[PDB]
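K.L.:
You'll find final.pdb just under this line, and it carries PDB, C-alpha atoms and all ligand atoms.
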ATOM      1  CA  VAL A  26       0.000   0.000   0.000  1.00  0.00           C
ATOM      2  CA  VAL A  27       0.783   3.712  -0.243  1.00  0.00           C
ATOM      3  CA  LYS A  28       0.072   5.361   3.116  1.00  0.00           C
ATOM      4  CA  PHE A  29      -1.161   8.934   3.615  1.00  0.00           C
ATOM      5  CA  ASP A  30      -0.977  10.379   7.134  1.00  0.00           C
ATOM      6  CA  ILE A  31      -3.330  13.369   7.222  1.00  0.00           C
ATOM      7  CA  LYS A  32      -2.901  15.637  10.256  1.00  0.00           C
ATOM      8  CA  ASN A  33      -4.870  18.697  11.352  1.00  0.00           C
ATOM      9  CA  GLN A  34      -2.563  21.346  12.814  1.00  0.00           C
ATOM     10  CA  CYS A  35      -5.200  24.084  12.594  1.00  0.00           C
ATOM     11  CA  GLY A  36      -6.754  25.617  15.683  1.00  0.00           C
ATOM     12  CA  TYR A  37     -10.210  24.588  14.443  1.00  0.00           C
ATOM     13  CA  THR A  38     -11.778  21.243  13.589  1.00  0.00           C
ATOM     14  CA  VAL A  39     -11.287  19.941  10.036  1.00  0.00           C
ATOM     15  CA  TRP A  40     -13.387  17.072   8.701  1.00  0.00           C
ATOM     16  CA  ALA A  41     -10.901  15.372   6.423  1.00  0.00           C
ATOM     17  CA  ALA A  42     -12.150  13.742   3.239  1.00  0.00           C
ATOM     18  CA  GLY A  43     -10.714  11.472   0.600  1.00  0.00           C
ATOM     19  CA  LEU A  44     -11.640   9.993  -2.753  1.00  0.00           C
ATOM     20  CA  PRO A  45     -10.690   7.304  -1.985  1.00  0.00           C
ATOM     21  CA  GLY A  46     -10.823   6.906   1.770  1.00  0.00           C
ATOM     22  CA  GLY A  47     -14.053   8.382   3.107  1.00  0.00           C
ATOM     23  CA  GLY A  48     -13.736  10.955   5.874  1.00  0.00           C
ATOM     24  CA  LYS A  49     -12.852  11.572   9.495  1.00  0.00           C
ATOM     25  CA  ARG A  50     -13.416  14.360  12.008  1.00  0.00           C
ATOM     26  CA  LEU A  51     -10.021  15.820  12.971  1.00  0.00           C
ATOM     27  CA  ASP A  52      -9.945  18.059  15.986  1.00  0.00           C
ATOM     28  CA  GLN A  53      -6.774  20.105  16.436  1.00  0.00           C
ATOM     29  CA  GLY A  54      -3.847  17.675  16.545  1.00  0.00           C
ATOM     30  CA  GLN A  55      -5.699  14.570  15.299  1.00  0.00           C
ATOM     31  CA  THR A  56      -4.573  12.359  12.398  1.00  0.00           C
ATOM     32  CA  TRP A  57      -6.322  10.202   9.778  1.00  0.00           C
ATOM     33  CA  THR A  58      -4.433   7.417   8.003  1.00  0.00           C
ATOM     34  CA  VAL A  59      -5.486   6.370   4.490  1.00  0.00           C
ATOM     35  CA  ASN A  60      -4.062   3.295   2.768  1.00  0.00           C
ATOM     36  CA  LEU A  61      -4.321   3.051  -1.008  1.00  0.00           C
ATOM     37  CA  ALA A  62      -3.673  -0.236  -2.767  1.00  0.00           C
ATOM     38  CA  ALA A  63      -0.402   0.485  -4.565  1.00  0.00           C
ATOM     39  CA  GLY A  64      -2.140  -0.415  -7.821  1.00  0.00           C
ATOM     40  CA  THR A  65      -4.460   2.553  -7.226  1.00  0.00           C
ATOM     41  CA  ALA A  66      -3.866   5.199  -9.856  1.00  0.00           C
ATOM     42  CA  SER A  67      -5.198   8.314  -8.105  1.00  0.00           C
ATOM     43  CA  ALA A  68      -6.317  10.075  -4.932  1.00  0.00           C
ATOM     44  CA  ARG A  69      -7.960  13.394  -4.006  1.00  0.00           C
ATOM     45  CA  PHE A  70      -7.849  14.643  -0.396  1.00  0.00           C
ATOM     46  CA  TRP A  71      -9.361  17.768   1.138  1.00  0.00           C
ATOM     47  CA  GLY A  72     -10.637  19.245   4.374  1.00  0.00           C
ATOM     48  CA  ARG A  73     -14.135  20.433   5.256  1.00  0.00           C
ATOM     49  CA  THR A  74     -14.977  23.267   7.629  1.00  0.00           C
ATOM     50  CA  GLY A  75     -18.033  24.182   9.658  1.00  0.00           C
ATOM     51  CA  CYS A  76     -19.583  20.711   9.695  1.00  0.00           C
ATOM     52  CA  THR A  77     -22.350  19.189  11.773  1.00  0.00           C
ATOM     53  CA  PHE A  78     -23.065  15.453  11.612  1.00  0.00           C
ATOM     54  CA  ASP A  79     -25.610  13.291  13.418  1.00  0.00           C
ATOM     55  CA  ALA A  80     -25.037   9.793  14.786  1.00  0.00           C
ATOM     56  CA  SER A  81     -25.897   8.237  11.412  1.00  0.00           C
ATOM     57  CA  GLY A  82     -23.164  10.323   9.788  1.00  0.00           C
ATOM     58  CA  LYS A  83     -25.490  12.717   7.913  1.00  0.00           C
ATOM     59  CA  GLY A  84     -25.276  16.500   8.034  1.00  0.00           C
ATOM     60  CA  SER A  85     -23.640  19.357   6.198  1.00  0.00           C
ATOM     61  CA  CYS A  86     -20.403  21.341   5.963  1.00  0.00           C
ATOM     62  CA  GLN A  87     -19.873  25.019   5.226  1.00  0.00           C
ATOM     63  CA  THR A  88     -17.058  24.133   2.785  1.00  0.00           C
ATOM     64  CA  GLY A  89     -16.177  20.905   0.994  1.00  0.00           C
ATOM     65  CA  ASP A  90     -19.443  19.046   1.694  1.00  0.00           C
ATOM     66  CA  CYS A  91     -19.694  15.605   0.081  1.00  0.00           C
ATOM     67  CA  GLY A  92     -23.357  14.746  -0.370  1.00  0.00           C
ATOM     68  CA  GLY A  93     -24.165  15.505   3.259  1.00  0.00           C
ATOM     69  CA  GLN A  94     -22.058  12.555   4.487  1.00  0.00           C
ATOM     70  CA  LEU A  95     -19.300  12.213   7.078  1.00  0.00           C
ATOM     71  CA  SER A  96     -17.651   9.421   5.042  1.00  0.00           C
ATOM     72  CA  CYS A  97     -17.287  10.838   1.542  1.00  0.00           C
ATOM     73  CA  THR A  98     -18.011   8.871  -1.606  1.00  0.00           C
ATOM     74  CA  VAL A  99     -18.371  11.903  -3.929  1.00  0.00           C
ATOM     75  CA  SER A 100     -16.238  14.973  -4.493  1.00  0.00           C
ATOM     76  CA  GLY A 101     -16.571  17.947  -2.188  1.00  0.00           C
ATOM     77  CA  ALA A 102     -18.668  21.017  -2.849  1.00  0.00           C
ATOM     78  CA  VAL A 103     -16.394  23.911  -3.805  1.00  0.00           C
ATOM     79  CA  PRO A 104     -14.411  25.676  -2.439  1.00  0.00           C
ATOM     80  CA  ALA A 105     -11.860  23.328  -0.874  1.00  0.00           C
ATOM     81  CA  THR A 106      -8.071  23.190  -1.127  1.00  0.00           C
ATOM     82  CA  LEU A 107      -7.050  19.880  -2.736  1.00  0.00           C
ATOM     83  CA  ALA A 108      -4.149  17.479  -2.371  1.00  0.00           C
ATOM     84  CA  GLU A 109      -3.955  15.327  -5.504  1.00  0.00           C
ATOM     85  CA  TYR A 110      -1.949  12.196  -6.276  1.00  0.00           C
ATOM     86  CA  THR A 111      -1.522   9.794  -9.190  1.00  0.00           C
ATOM     87  CA  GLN A 112       0.837   6.914  -9.929  1.00  0.00           C
ATOM     88  CA  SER A 113       2.138   5.647 -13.257  1.00  0.00           C
ATOM     89  CA  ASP A 114       5.873   5.405 -14.023  1.00  0.00           C
ATOM     90  CA  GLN A 115       6.355   7.364 -10.788  1.00  0.00           C
ATOM     91  CA  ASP A 116       4.180   9.386  -8.416  1.00  0.00           C
ATOM     92  CA  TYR A 117       2.769  12.788  -9.443  1.00  0.00           C
ATOM     93  CA  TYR A 118       1.251  15.061  -6.812  1.00  0.00           C
ATOM     94  CA  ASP A 119       0.186  18.638  -6.186  1.00  0.00           C
ATOM     95  CA  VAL A 120      -1.710  21.068  -4.020  1.00  0.00           C
ATOM     96  CA  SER A 121      -4.505  22.532  -6.107  1.00  0.00           C
ATOM     97  CA  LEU A 122      -6.627  25.683  -5.912  1.00  0.00           C
ATOM     98  CA  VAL A 123      -8.426  24.956  -9.198  1.00  0.00           C
ATOM     99  CA  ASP A 124     -11.589  24.187  -7.190  1.00  0.00           C
ATOM    100  CA  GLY A 125     -10.986  26.949  -4.655  1.00  0.00           C
ATOM    101  CA  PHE A 126      -9.349  27.400  -1.277  1.00  0.00           C
ATOM    102  CA  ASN A 127     -10.588  26.798   2.239  1.00  0.00           C
ATOM    103  CA  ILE A 128      -7.688  25.596   4.439  1.00  0.00           C
ATOM    104  CA  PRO A 129      -3.884  25.884   4.006  1.00  0.00           C
ATOM    105  CA  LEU A 130      -2.419  22.523   3.050  1.00  0.00           C
ATOM    106  CA  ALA A 131       0.929  20.791   2.431  1.00  0.00           C
ATOM    107  CA  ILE A 132       1.843  17.398   0.996  1.00  0.00           C
ATOM    108  CA  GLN A 133       5.188  15.937   2.111  1.00  0.00           C
ATOM    109  CA  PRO A 134       6.634  12.731   0.651  1.00  0.00           C
ATOM    110  CA  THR A 135       8.384  10.686   3.315  1.00  0.00           C
ATOM    111  CA  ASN A 136      11.187  10.410   0.745  1.00  0.00           C
ATOM    112  CA  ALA A 137      13.212  13.600   1.329  1.00  0.00           C
ATOM    113  CA  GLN A 138      14.646  13.339  -2.209  1.00  0.00           C
ATOM    114  CA  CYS A 139      11.348  14.788  -3.497  1.00  0.00           C
ATOM    115  CA  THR A 140       9.695  18.204  -3.231  1.00  0.00           C
ATOM    116  CA  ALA A 141       7.027  18.855  -0.573  1.00  0.00           C
ATOM    117  CA  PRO A 142       4.681  21.485  -2.066  1.00  0.00           C
ATOM    118  CA  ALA A 143       2.482  23.614   0.144  1.00  0.00           C
ATOM    119  CA  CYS A 144      -0.073  26.388   0.126  1.00  0.00           C
ATOM    120  CA  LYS A 145       0.545  27.928   3.535  1.00  0.00           C
ATOM    121  CA  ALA A 146      -1.009  31.376   3.085  1.00  0.00           C
ATOM    122  CA  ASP A 147      -4.364  32.515   4.438  1.00  0.00           C
ATOM    123  CA  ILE A 148      -6.014  33.053   1.058  1.00  0.00           C
ATOM    124  CA  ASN A 149      -9.372  33.744   2.757  1.00  0.00           C
ATOM    125  CA  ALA A 150      -7.999  37.070   4.039  1.00  0.00           C
ATOM    126  CA  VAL A 151      -7.148  38.253   0.491  1.00  0.00           C
ATOM    127  CA  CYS A 152      -9.982  36.743  -1.540  1.00  0.00           C
ATOM    128  CA  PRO A 153     -11.668  39.118  -4.047  1.00  0.00           C
ATOM    129  CA  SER A 154     -15.261  39.802  -3.084  1.00  0.00           C
ATOM    130  CA  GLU A 155     -16.801  38.008  -6.066  1.00  0.00           C
ATOM    131  CA  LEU A 156     -14.945  34.799  -5.131  1.00  0.00           C
ATOM    132  CA  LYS A 157     -15.608  34.979  -1.388  1.00  0.00           C
ATOM    133  CA  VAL A 158     -17.995  32.598   0.358  1.00  0.00           C
ATOM    134  CA  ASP A 159     -18.385  31.748   4.021  1.00  0.00           C
ATOM    135  CA  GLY A 160     -15.250  29.885   5.061  1.00  0.00           C
ATOM    136  CA  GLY A 161     -13.463  29.930   1.722  1.00  0.00           C
ATOM    137  CA  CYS A 162     -12.506  31.441  -1.612  1.00  0.00           C
ATOM    138  CA  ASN A 163     -13.814  30.052  -4.885  1.00  0.00           C
ATOM    139  CA  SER A 164     -11.842  29.874  -8.088  1.00  0.00           C
ATOM    140  CA  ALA A 165     -12.855  32.022 -11.045  1.00  0.00           C
ATOM    141  CA  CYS A 166     -13.761  28.846 -12.941  1.00  0.00           C
ATOM    142  CA  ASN A 167     -16.277  27.834 -10.293  1.00  0.00           C
ATOM    143  CA  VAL A 168     -17.794  31.334 -10.008  1.00  0.00           C
ATOM    144  CA  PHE A 169     -17.908  32.414 -13.653  1.00  0.00           C
ATOM    145  CA  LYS A 170     -17.960  28.986 -15.365  1.00  0.00           C
ATOM    146  CA  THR A 171     -16.680  30.285 -18.715  1.00  0.00           C
ATOM    147  CA  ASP A 172     -14.045  28.721 -20.923  1.00  0.00           C
ATOM    148  CA  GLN A 173     -11.218  31.216 -20.347  1.00  0.00           C
ATOM    149  CA  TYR A 174     -11.273  30.521 -16.598  1.00  0.00           C
ATOM    150  CA  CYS A 175     -12.036  26.809 -16.835  1.00  0.00           C
ATOM    151  CA  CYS A 176      -9.602  26.106 -19.720  1.00  0.00           C
ATOM    152  CA  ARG A 177     -12.162  24.341 -21.901  1.00  0.00           C
ATOM    153  CA  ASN A 178     -13.026  24.294 -25.617  1.00  0.00           C
ATOM    154  CA  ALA A 179     -11.136  27.152 -27.344  1.00  0.00           C
ATOM    155  CA  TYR A 180      -8.892  27.412 -24.266  1.00  0.00           C
ATOM    156  CA  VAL A 181      -8.217  23.706 -23.648  1.00  0.00           C
ATOM    157  CA  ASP A 182      -4.843  23.755 -25.459  1.00  0.00           C
ATOM    158  CA  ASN A 183      -3.923  27.404 -24.818  1.00  0.00           C
ATOM    159  CA  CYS A 184      -5.181  28.830 -21.523  1.00  0.00           C
ATOM    160  CA  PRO A 185      -3.375  31.919 -20.221  1.00  0.00           C
ATOM    161  CA  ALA A 186      -3.266  32.711 -16.545  1.00  0.00           C
ATOM    162  CA  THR A 187      -5.707  35.430 -15.498  1.00  0.00           C
ATOM    163  CA  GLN A 188      -5.827  38.184 -12.922  1.00  0.00           C
ATOM    164  CA  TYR A 189      -7.846  35.813 -10.744  1.00  0.00           C
ATOM    165  CA  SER A 190      -5.485  32.852 -11.024  1.00  0.00           C
ATOM    166  CA  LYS A 191      -2.480  35.092 -10.382  1.00  0.00           C
ATOM    167  CA  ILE A 192      -3.936  36.234  -7.061  1.00  0.00           C
ATOM    168  CA  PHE A 193      -3.829  32.582  -5.986  1.00  0.00           C
ATOM    169  CA  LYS A 194      -0.380  32.065  -7.545  1.00  0.00           C
ATOM    170  CA  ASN A 195       0.998  35.030  -5.595  1.00  0.00           C
ATOM    171  CA  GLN A 196      -0.227  33.600  -2.290  1.00  0.00           C
ATOM    172  CA  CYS A 197       0.863  30.014  -3.042  1.00  0.00           C
ATOM    173  CA  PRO A 198       3.419  29.761  -5.863  1.00  0.00           C
ATOM    174  CA  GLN A 199       3.719  25.966  -5.544  1.00  0.00           C
ATOM    175  CA  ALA A 200      -0.011  25.291  -5.923  1.00  0.00           C
ATOM    176  CA  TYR A 201      -2.124  24.818  -9.051  1.00  0.00           C
ATOM    177  CA  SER A 202      -3.690  28.207  -9.564  1.00  0.00           C
ATOM    178  CA  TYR A 203      -5.815  27.190 -12.584  1.00  0.00           C
ATOM    179  CA  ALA A 204      -6.378  24.095 -14.708  1.00  0.00           C
ATOM    180  CA  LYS A 205      -3.330  24.560 -16.996  1.00  0.00           C
ATOM    181  CA  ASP A 206      -0.850  25.971 -14.487  1.00  0.00           C
ATOM    182  CA  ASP A 207       2.519  24.594 -15.621  1.00  0.00           C
ATOM    183  CA  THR A 208       4.546  25.128 -12.428  1.00  0.00           C
ATOM    184  CA  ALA A 209       2.624  23.079  -9.884  1.00  0.00           C
ATOM    185  CA  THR A 210       3.130  19.329 -10.480  1.00  0.00           C
ATOM    186  CA  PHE A 211       5.769  17.527  -8.438  1.00  0.00           C
ATOM    187  CA  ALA A 212       7.056  13.995  -8.861  1.00  0.00           C
ATOM    188  CA  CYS A 213       8.713  11.269  -6.828  1.00  0.00           C
ATOM    189  CA  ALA A 214       9.785   7.699  -7.534  1.00  0.00           C
ATOM    190  CA  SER A 215       7.097   5.271  -6.445  1.00  0.00           C
ATOM    191  CA  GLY A 216       7.608   3.643  -3.052  1.00  0.00           C
ATOM    192  CA  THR A 217       7.319   6.716  -0.833  1.00  0.00           C
ATOM    193  CA  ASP A 218       4.536   7.358   1.650  1.00  0.00           C
ATOM    194  CA  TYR A 219       3.051  10.827   2.192  1.00  0.00           C
ATOM    195  CA  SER A 220       2.032  13.222   4.929  1.00  0.00           C
ATOM    196  CA  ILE A 221      -0.697  15.791   4.330  1.00  0.00           C
ATOM    197  CA  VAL A 222      -0.939  18.616   6.843  1.00  0.00           C
ATOM    198  CA  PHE A 223      -3.718  21.136   7.340  1.00  0.00           C
ATOM    199  CA  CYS A 224      -2.257  24.464   8.511  1.00  0.00           C
ATOM    200  CA  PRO A 225       1.397  23.570   7.854  1.00  0.00           C
ATOM    201  CA  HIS A 226       4.071  25.377   9.833  1.00  0.00           C
ATOM    202  CA  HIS A 227       6.100  28.107   8.159  1.00  0.00           C
ATOM    203  CA  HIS A 228       9.523  29.595   8.836  1.00  0.00           C
TER
HETATM  204 CL    CL A 301      -6.952   6.834  11.169  1.00  0.00          CL
HETATM  205 CL    CL A 302       4.084  21.432   8.971  1.00  0.00          CL
END
Is it possible to express this structure as structure tokens?

P.N.:
Amino acid sequence: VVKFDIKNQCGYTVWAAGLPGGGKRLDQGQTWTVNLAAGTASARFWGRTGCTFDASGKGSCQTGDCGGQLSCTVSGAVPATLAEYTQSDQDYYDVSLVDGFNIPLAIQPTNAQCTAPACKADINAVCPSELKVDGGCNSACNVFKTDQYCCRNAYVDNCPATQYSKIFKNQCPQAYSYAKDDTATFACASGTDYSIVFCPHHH
């Protein structure tokens, strides 16, 4: 298996989520471990804020809600900062803001030979008003839904960065700021495990 250790270092509760994996309530300092069969080709992890769940595991989250479930089986309602992973000849991974921001996030391969990208900045403090929602900051693609921001159709093969994407890129240069951002994928030989941290420390 490939193991992901997902730790909440924020001073607020984060309901972690994974496709695959499900979800887990993480109070400050708690960890969730997710094992992927090493034949698995992909993973998508995120955190959810402002959740309430009943004993049956139904409820709702202010950001990142997955079908009103504690244990996710669908993708999260935008906005939510993403940690993404795929495996082929090696591992490819990234922190992504393409579907918005809610919580700062880092992904750290246990193999120190490989880069550990992070989005550490409080993007919620700087979010333009048209992208702002309670608890997070949407991407221009999710708000406006047009092809220049979403990099579709006439823009699929030639999608320039925009004023909106560059606000995200300023805050978090290592993260995907839009669908075709060319300076946000990192790679590592397969065999490493990973840590994902909400509210990573900064120097
Ligand atoms: Cl666990
Ligand atoms: Cl950290």

K.L.:
Give me, as a tab-separated table, each residue of chain A that comes within 12 Å of ligand CL 302 (chain A), together with its shortest interatomic pair and the distance in Å at one decimal, counting all atoms listed in the file, with rows ordered by chain and rising residue number.

P.N.:
residue	atom	partner	partner_atom	distance
A:31	CA	A:CL302	CL	11.1
A:32	CA	A:CL302	CL	9.2
A:33	CA	A:CL302	CL	9.7
A:34	CA	A:CL302	CL	7.7
A:35	CA	A:CL302	CL	10.3
A:54	CA	A:CL302	CL	11.6
A:129	CA	A:CL302	CL	10.4
A:130	CA	A:CL302	CL	8.9
A:131	CA	A:CL302	CL	7.3
A:132	CA	A:CL302	CL	9.2
A:133	CA	A:CL302	CL	8.9
A:141	CA	A:CL302	CL	10.3
A:142	CA	A:CL302	CL	11.1
A:143	CA	A:CL302	CL	9.2
A:144	CA	A:CL302	CL	11.0
A:145	CA	A:CL302	CL	9.2
A:220	CA	A:CL302	CL	9.4
A:221	CA	A:CL302	CL	8.7
A:222	CA	A:CL302	CL	6.1
A:223	CA	A:CL302	CL	8.0
A:224	CA	A:CL302	CL	7.0
A:225	CA	A:CL302	CL	3.6
A:226	CA	A:CL302	CL	4.0
A:227	CA	A:CL302	CL	7.0
A:228	CA	A:CL302	CL	9.8

K.L.:
At most 9 Å is the cut-off: for each residue in chain A with any atom that close to an atom of ligand CL 301 (chain A), write down the nearest atom pair and the distance in Å rounded to one decimal, counting only C-alpha atoms and all ligand atoms, chain first then increasing number, as a Markdown table.

P.N.:
| residue | atom | partner | partner_atom | distance |
| --- | --- | --- | --- | --- |
| A:30 | CA | A:CL301 | CL | 8.0 |
| A:31 | CA | A:CL301 | CL | 8.5 |
| A:49 | CA | A:CL301 | CL | 7.7 |
| A:55 | CA | A:CL301 | CL | 8.9 |
| A:56 | CA | A:CL301 | CL | 6.1 |
| A:57 | CA | A:CL301 | CL | 3.7 |
| A:58 | CA | A:CL301 | CL | 4.1 |
| A:59 | CA | A:CL301 | CL | 6.9 |

K.L.:
Write the residues of the selection above to a file with C-alpha atoms, as a short mmCIF file (atom, residue, chain, number, x, y, z; two decimals), in the coordinates of the input.

P.N.:
data_model
loop_
_atom_site.label_atom_id
_atom_site.label_comp_id
_atom_site.auth_asym_id
_atom_site.auth_seq_id
_atom_site.Cartn_x
_atom_site.Cartn_y
_atom_site.Cartn_z
CA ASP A 30 -0.98 10.38 7.13
CA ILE A 31 -3.33 13.37 7.22
CA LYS A 49 -12.85 11.57 9.49
CA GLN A 55 -5.70 14.57 15.30
CA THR A 56 -4.57 12.36 12.40
CA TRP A 57 -6.32 10.20 9.78
CA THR A 58 -4.43 7.42 8.00
CA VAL A 59 -5.49 6.37 4.49
#

K.L.:
For residue 117 (chain A), which residue among A:46, A:134, A:51, A:91 is the nearest when counting only C-alpha atoms?

P.N.:
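Between A:46, A:134, A:51, A:91, the residue approaching residue 117 (chain A) most closely is A:134.
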
K.L.:
Could you tell me how far CA of residue 41 (chain A) lies from CA of residue 73 (chain A), in Å and to one decimal?

P.N.:
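CA of residue 41 (chain A) sits 6.1 Å away from CA of residue 73 (chain A).
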
K.L.:
Applied to the shown file, which residues does the PyMOL selection byres (((chain A and resi 37) around 8) and not hetatm) return, written as a PyMOL selection string?

P.N.:
chain A and resi 35-36+38-39+52-53

K.L.:
State, in Å with one decimal place, the distance from CA of residue 107 (chain A) to CA of residue 206 (chain A).

P.N.:
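Distance reported for this atom pair: 14.6 Å.
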
K.L.:
Could you state which residues are captured by the PyMOL selection byres (((chain A and resi 111) around 7) and not hetatm) in this file, as a list in words?

P.N.:
residues 66, 67, 68, 110, 112, 113, 116, 117 and 118 of chain A

K.L.:
Excluding residue 114 (chain A) and any residue of its chain fewer than 6 positions from it, enumerate the residues within 10 Å of it, using only C-alpha atoms, and give them as a list in words.

P.N.:
residues 213, 214 and 215 of chain A

K.L.:
Grab the residues selected above and save them as a PDB file, in the coordinates of the input with C-alpha atoms.

P.N.:
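Contents of the output file part_25.pdb:
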ATOM      1  CA  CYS A 213       8.713  11.269  -6.828  1.00  0.00           C
ATOM      2  CA  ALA A 214       9.785   7.699  -7.534  1.00  0.00           C
ATOM      3  CA  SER A 215       7.097   5.271  -6.445  1.00  0.00           C
TER       4      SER A 215
END

K.L.:
Excluding residue 195 (chain A) and residues on its chain fewer than 6 positions from it, collect all residues at most 10 Å away from it, counting only C-alpha atoms, and give them as a list in words.

P.N.:
residues 146, 148 and 202 of chain A

K.L.:
Can you translate the PyMOL selection byres (((chain A and resi 119) around 6) and not hetatm) into the concrete residues it hits in this file, as number ranges by chain?

P.N.:
A: 108-109, 118, 120, 210

K.L.:
What does the structure give for the distance between CA of residue 218 (chain A) and CA of residue 70 (chain A), in Å to one decimal?

P.N.:
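The value is 14.5 Å.
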
K.L.:
For each of A:167, A:193, A:172, A:82, take the minimum atom-to-atom distance to residue 153 (chain A), counting only C-alpha atoms, then give the residue where this is smallest.

P.N.:
A:193

K.L.:
May I ask which of the residues A:123, A:212, A:42, A:162 is the closest one to residue 139 (chain A), counting only C-alpha atoms?

P.N.:
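Answer, going by the shortest atom-to-atom distance: A:212.
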
K.L.:
Between A:62, A:95, A:152, A:166, which is the closest to residue 78 (chain A) once you count only C-alpha atoms?

P.N.:
A:95

K.L.:
Closest to residue 106 (chain A) among A:65, A:138, A:199, A:163, using all atoms listed in the file?

P.N.:
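Nearest candidate to residue 106 (chain A) out of A:65, A:138, A:199, A:163: A:163.
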
K.L.:
For region 94-98 of chain A, take all atoms listed in the file, fit an axis-aligned box around them, add 3 Å to each of the six sides, then output centre and edge lengths in Å rounded to one decimal, as AutoDock Vina command-line options.

P.N.:
--center_x -19.7 --center_y 10.7 --center_z 2.7 --size_x 10.8 --size_y 9.7 --size_z 14.7

K.L.:
With only C-alpha atoms as the atoms that count, which of A:125, A:205, A:170, A:155 lies nearest to residue 185 (chain A)?

P.N.:
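Of A:125, A:205, A:170, A:155, the one nearest residue 185 (chain A) is A:205, counting only C-alpha atoms.
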
K.L.:
Determine, counting all atoms listed in the file, which protein, DNA and RNA residues have an atom within 9 Å of an atom of residue 87 (chain A); residues of the same chain fewer than 5 positions away are not included. Present the result as a PyMOL selection string.

P.N.:
chain A and resi 73-76+159-161

K.L.:
Name all residues at most 8 Å from residue 92 (chain A) (count all atoms listed in the file; drop same-chain ones fewer than 5 positions away) and give them as a list in words.

P.N.:
residues 97, 99 and 101 of chain A
